[PDB]
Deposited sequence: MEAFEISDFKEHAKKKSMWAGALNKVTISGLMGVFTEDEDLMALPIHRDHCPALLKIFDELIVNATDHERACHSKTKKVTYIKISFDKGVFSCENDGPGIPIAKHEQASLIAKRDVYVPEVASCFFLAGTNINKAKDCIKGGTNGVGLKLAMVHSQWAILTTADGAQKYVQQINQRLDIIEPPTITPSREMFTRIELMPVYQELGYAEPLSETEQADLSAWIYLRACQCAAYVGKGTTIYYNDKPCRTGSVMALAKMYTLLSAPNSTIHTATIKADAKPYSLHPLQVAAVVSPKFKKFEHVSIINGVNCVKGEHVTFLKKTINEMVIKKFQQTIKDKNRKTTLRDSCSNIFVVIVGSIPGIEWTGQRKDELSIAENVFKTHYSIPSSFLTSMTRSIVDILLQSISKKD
């Protein structure tokens, strides 16, 4: 009755890695939809499989991680291309490829030649962030995410090129069948993961129903738009070959409030910090205040991850609340706010592989960060006007 599992089998049956492995209710699930020429983020009020969405997220965050890694270097990431068609999902970025070289330690473990890209995609607890410094702002940390994508794929293809060679490897049947790679001369330089998720095993129709396809496409498109606001000014995000031109927190705030509060005022702030490493990482904020909003909502893209819980939100709310109480007293406080926060925060710790919640001392923000007075004052004026009416 006491059994010992390997990683691969454990990931196929345990929700702790990527979330639930069939369809459940996902609070706050959103996608983006096109109405004429406008992008509108709308709720998806249907149950979906968290682990399936995490396949896509793990690849997307790997690409944004590489963009951040290369941003200060000669060879930068200039594009991230995300595609979803006929159930096939792919994510490709340029910048330096995954090194095409024998990995000595993995080759000894496996007792055959193993190259670095196979370590990256097929070995659990393996990657370039195992000994991550506290000031690294990549989302990736565990050396797990890409293997979760592979373990939930009926077939997958890793393709990477380093400017001298190209490496193509099939990783099939939920990590059961790793085919030897094909290595050829090449002048290209990129990393591409293409895969077909195990949709039916995760609760979906075979093939996806019209509604499943539409919901998943909308979810991926919104995730791509979130990426576009996070990456550097030299990087374009594409979804199904078309650019996601939501490159500012203001554009994100408009997309989330277009139906509920069109033609609204967008309060903006860049929250800056007083010393390295924090001072390297300004946080971009855009907020809308409306009496039509029924509860506080945030969208936080932190270290490229869509974070649903963190003390950075609490810092903003408490600071606004203090000023609202004062201004209101001269003649709850956050229930009319929708706010977008995008940027990097050094030193955060995620509570699980899913990276739903970040962990930090609240005093980090009190000590180091300053919210601009103009933003606080304008937000307070709008909130108090509502409270008086």
Inset, instruction - Walk along the deposited sequence from position 1 and note every stretch that has no C-alpha coordinates. - result: 1-2, 334-344, 403-408
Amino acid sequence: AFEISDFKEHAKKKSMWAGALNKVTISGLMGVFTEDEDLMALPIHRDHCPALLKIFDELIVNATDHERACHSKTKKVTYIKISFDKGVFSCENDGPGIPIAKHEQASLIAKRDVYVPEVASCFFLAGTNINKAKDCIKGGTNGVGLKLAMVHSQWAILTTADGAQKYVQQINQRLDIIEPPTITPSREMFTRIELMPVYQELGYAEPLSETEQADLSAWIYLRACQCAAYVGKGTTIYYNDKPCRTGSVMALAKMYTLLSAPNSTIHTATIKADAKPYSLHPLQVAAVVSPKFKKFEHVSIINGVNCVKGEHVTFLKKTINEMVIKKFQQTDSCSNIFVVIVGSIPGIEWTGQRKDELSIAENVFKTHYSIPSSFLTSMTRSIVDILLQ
From here on, numbers count along this sequence of modelled residues.
Legend entry - Segment of higher mean CA temperature factor, 241-249 or 108-116: 108-116
Legend entry - Higher-B stretch (mean Cα B-factor, as the entry records it), 215-223 or 289-297: 289-297
Inset, instruction - By the entry's C-alpha temperature factors, tell me which of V340, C334, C49, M30 sits highest. - result: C334
Inset, instruction - Could you check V364, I60, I348, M323 and tell me which one carries the biggest Cα B-factor in the deposited entry? - result: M323
Legend entry - Chain third (lowest, middle, highest) by recorded CA B-factor, residue given as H368: middle
Inset, instruction - Divide the modelled residues of the chain into thirds by Cα B-factor and specify which third, lowest, middle or highest, holds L358. - result: lowest
Legend entry - Ranked C-alpha temperature factor of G163 among modelled chain residues, by third: highest
Inset, instruction - Would you please rank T141 by its C-alpha temperature factor against the other modelled residues of its chain and give the third it falls in: lowest, middle or highest? - result: lowest
Legend entry - Third assignment of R174 from its chain's C-alpha B-factors: lowest
